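Here's the structure we're looking at; comments come further down.
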Amino acid sequence: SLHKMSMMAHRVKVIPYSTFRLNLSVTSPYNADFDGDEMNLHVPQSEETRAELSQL
Amino acid sequence: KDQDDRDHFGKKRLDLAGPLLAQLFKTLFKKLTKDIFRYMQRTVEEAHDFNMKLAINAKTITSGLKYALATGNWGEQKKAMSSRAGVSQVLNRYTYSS
Amino acid sequence: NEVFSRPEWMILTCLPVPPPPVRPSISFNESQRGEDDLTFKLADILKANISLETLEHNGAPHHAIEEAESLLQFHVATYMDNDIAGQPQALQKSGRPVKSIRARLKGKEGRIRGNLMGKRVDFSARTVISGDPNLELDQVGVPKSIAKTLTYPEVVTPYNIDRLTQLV
Amino acid sequence: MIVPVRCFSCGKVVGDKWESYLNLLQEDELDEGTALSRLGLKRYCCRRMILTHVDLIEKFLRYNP
Amino acid sequence: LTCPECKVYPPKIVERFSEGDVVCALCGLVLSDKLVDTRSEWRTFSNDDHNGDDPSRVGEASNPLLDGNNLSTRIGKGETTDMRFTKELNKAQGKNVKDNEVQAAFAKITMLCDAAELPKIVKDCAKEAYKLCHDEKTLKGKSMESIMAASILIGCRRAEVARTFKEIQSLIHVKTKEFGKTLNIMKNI
Amino acid sequence: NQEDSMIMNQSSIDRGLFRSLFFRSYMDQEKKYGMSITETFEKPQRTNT
Amino acid sequence: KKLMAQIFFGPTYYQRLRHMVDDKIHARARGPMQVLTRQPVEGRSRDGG
Amino acid sequence: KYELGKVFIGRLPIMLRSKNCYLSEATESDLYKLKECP
DNA sequence: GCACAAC
RNA sequence: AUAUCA
DNA sequence: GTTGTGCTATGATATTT
Ligand SMILES: [Mg+2]
Ligand SMILES: [Mg+2]
Ligand SMILES: [Zn+2]
Ligand SMILES: [Zn+2]
């Protein structure tokens with residue numbers, strides 16, 4: 001995570017198969033290619049903490 | 001003349017399975033040699049009949065090689081800190097070419 | 001400073017002994033038991049102490065005491081720091097050097113860099129990413145398996161009370 | 001590891017054509033392109049299927065118990 | 001542990017290790033939340049780290065059955081070390097050194113097993129047989145080199161390592177009838 | 001199949017394409033801890049275990 | 001309907017590598033923790049964070 | 001100065017296919033019976 | 001193996 | 001500790 | 001002038017005593 005666009009708040013879509021799926025135009029700031037790259041998800045636990053994600 | 005190339009592959013050597021075992025066996029045999037001497041003193045003092053089986057410790061060279069080959073720290077276990085690790089890896093069996 | 005930091009306290013006279021949490025023990029199977037390196041290093045300090053105490057009490061042979069003092073000096077010193085320049089390391093049977101206190105705080109993976117300034121966390125997940133042109137920009141495809149594991153503790157109010165009862 | 005039944009890509013039954021193939025190369029002494037054509041492997045998806053198959057099962061059979 | 005809500009005498013409880021919880025299988029009440037991995041925790045005591053790079057490796061395993069509880073490190077050479085201070089601090093350990101010395105009879109058993117080509121499990125039974133019978137009044141005054149020669153056949157007779165008594169007569173020493181009576185007064189203990 | 005990923009014929013997959021066998025081997029010892037303590041191979045009963 | 005462009009097409013030798021997704025995917029909302037630091041344990045196989 | 005056998009010393013691990021290994025002078029059919037891959 | 005910091 | 005992954 | 005002293009990419013995963 002080299003800059004703040006390497007952590008961005010997303011909107012869950014529950015889908016099948018074992019991959020995280022992201023829109024391609026969002027590849028540029030995560031610097032992700034799909035050659036076996038893995039990524040990290042963190043779930044906020046507070047009503048307050050999700051507001052920080054969604055608003056900021 | 002010009003400064004010698006420190007990278008010239010001709011002025012390099014490769015220590016393979018032979019010499020690696022030779023290096024280890026030397027330090028392992030001098031380990032045994034000087035443990036027999038410690039015994040010859042102990043058995044000439046009390047004239048306890050220099051029993052051969054008591055004199056030579058087989059486990060010295062046996063487990064001394066087994067350690068190196070297993071773990072990979074090419075030295076004794078003493079000494080397992082100051083000894084170079086990396087020699088002896090578990091062989092790849094992914095694909096025949098690997 | 002007259003209250004918190006006087007020069008005379010740079011010299012150790014009494015030794016605070018940390019409690020088990022700082023140096024955990026483990027009791028495996030009645031013939032296997034694991035003690036922390038600190039518990040080892042402490043026992044040496046103690047043994048070296050008990051020794052020097054007996055020497056002073058008895059007929060003090062001057063040079064056999066200062067010989068035992070600079071042993072105590074070593075064990076106490078090596079316990080806070082084992083990576084000392086000039087001095088031999090205290091080693092632990094297997095040839096490995098004792099993990100001093102200094103060394104637990106020090107590096108990345110230390111208590112600072114690796115347990116406080118960054119730490120692993122719950123409610124997290126990781127997997128392979130793949131591209132999807134049929135998602136929105138701000139969405140993310142989450143495998144049903146992960147979504148079933150990860151949790152959000154919503155609080156029951158009379159708004160969600162019906163919905164939550166169905167979930168339960 | 002045994003001739004696959006059915007070509008991957010297109011799905012023509014290809015697993016019945018093995019013994020018949022090796023006969024064309026051994027008994028009749030035809031070259032491969034000709035043999036594959038005689039068999040009825042028209043499109044290259046089915047040709048690669050037989051042309052490329054390695055019969056390891058024959059190696060595995062050599063171990064006794 | 002027993003569920004405070006239910007209380008049935010056979011307390012049926014599960015260790016849902018994966019969620020790190022201890023649950024009552026009947027009512028489902030969680031009885032504990034802090035739960036630790038014992039495998040990985042034991043990895044911190046007995047590891048493969050001999051070099052000294054692992055920050056996880058922070059302790060060492062000991063054997064309270066054989067050597068009691070004698071915690072003690074050894075002054076040795078490190079990376080930046082003068083060969084002078086090692087000698088002094090070691091010559092200083094010499095002045096600090098009876099039954100705390102009869103543990104060198106373990107060194108007699110270890111050097112006998114290695115001369116008899118015996119496994120690591122046999123030595124530790126011979127050392128436990130010797131620790132629990134060398135100060136007995138039932139053995140009283142038996143030939144002290146024939147009671148440790150008898151505790152090696154006691155350690156072999158449990159570790160399933162076939163060693164005849166005449167095989168240990170060749171090692172040391174053994175006086176036959178002397179280490180045969182001693183192999184029985186211990187066998188009763 | 002954008003950005004290094006790729007599409008694969010799900011029908012071809014069914015017909016055998018790129019399937020593989022997988023074998024993992026689990027080991028276990030029956031260790032002897034001194035004069036008395038010995039591990040055992042058995043089906044544990046939940047009341048005394 | 002025809003594609004307006006023509007496509008490069010043909011056999012290419014392709015290798016099935018290690019790293020399958022079901023050997024990597026990993027989620028954890030609370031679970032085992034280290035005994036020293038009381039933080040989660042490390043490793044997919046330890047069910048850590 | 002006037003004056004008044006063969007001993008085991010250790011077990012050395014052998015490298016497979018070496019002179020000392022059983023598999024060195026082994027034929028193809030031989031290896032198969034030995035449950036080794038040629 | 002740096003590169004800069006104190007003896 | 002080695003190997004490896006982007 | 002010489003010595004001596006800190007550090008030297010992020011996360012992940014799989015074995016071996
Ligand atoms: Mg990339
Ligand atoms: Mg890119
Ligand atoms: Zn086809
Ligand atoms: Zn209950």
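The chain as shown is numbered from 1 upward.
Technique stated in the header: X-ray crystallography, 3.6 Å.
Heads up, the Cβ atoms here are built off N, Cα and C, so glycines get one too.
According to Swiss-Prot, the protein has these features:
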BINDING   A:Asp33, A:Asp35, A:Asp37  Mg(2+) 1 binding site
BINDING   A:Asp33, A:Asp35  Mg(2+) 2 binding site
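Just so you know, the Cβ of A:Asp35 (Mg(2+) 1 binding site) picks up 9 other Cβ atoms within 10 Å once every protein chain is counted. Sequence-distant neighbours of A:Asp33 (Mg(2+) 1 binding site) (same chain, 6+ apart, CB under 8 A from its CB) are A:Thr27. Closeness to chain C is evaluated for the binding-site residues A:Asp33, A:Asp35, A:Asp37 by Cβ distance, with values under 8 Å counted; counted residues in sequence order are A:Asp37. Listed in sequence order, the binding-site residues among A:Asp33, A:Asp35, A:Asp37 whose CB lies under 6 angstroms from an atom of ligand 2 come out as A:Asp33.
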